[PDB]
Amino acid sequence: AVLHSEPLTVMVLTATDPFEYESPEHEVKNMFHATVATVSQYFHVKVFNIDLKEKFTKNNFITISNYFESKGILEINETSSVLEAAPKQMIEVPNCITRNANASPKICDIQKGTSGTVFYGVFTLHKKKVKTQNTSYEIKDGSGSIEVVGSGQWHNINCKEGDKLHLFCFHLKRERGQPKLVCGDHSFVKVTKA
């Protein structure tokens, strides 16, 4: 994880509802996921300061400093600064950036990933098996299928075949070559019915 002290102005694209997670100090706290954009790139952002939720509203322009980067994902916590951006610091985000930010990876391309990489996306549920301590969600698209393993509040998620699972910050792991996505401390799932 690398510290970025230089101010960076972005436009907020999306943000999730807050949800509970376990903090590094092993206390229940709330976080949310966001995507933001400059004129040339979008970024996934993990926000660990629930007081910033209003700032992370679609189309808000914000300037972030003293944030961190890990696996290409930005981390904003209590020691970070997030202020509204000044007018002359704002630059129009090309629609092509926003479309790319909204696109999901193909499962065949997730299957190519190195162990430890992180993935986000929306995928159709094919089958699920609720086990004693975790749940395996087999997700599918035209390019292949992959097992997603959820535990804790991502175990026994209320969903059915054909629903869409929106996955945030899942981790690729390989067991005997076979890749799968597993949840981590800052994963999030939402379900859209279909």
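Quick note: we count residues from 1 along the sequence shown, nothing fancier.
Relative to one another, 115 to 123 and 91 to 99 have unequal mean CA B-factors, and 91 to 99 is the one with the higher figure. The question of which stretch, 101 to 109 or 77 to 85, has the higher mean Cα B factor is settled in favour of 77 to 85. In this PDB entry, the Cα temperature factor of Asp185 sits in the middle third of its chain's modelled residues. Among all modelled residues in this chain, the alpha-carbon of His26 has a temperature factor (C-alpha) in the highest third.
Ranked within its chain, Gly142 lands in the highest third, by CA B factor from the PDB record.
Split the chain's modelled residues into thirds by C-alpha temperature factor. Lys164 is in the middle one.
When the modelled residues of the chain are ordered by their C-alpha B factor, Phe68 lands in the highest third.
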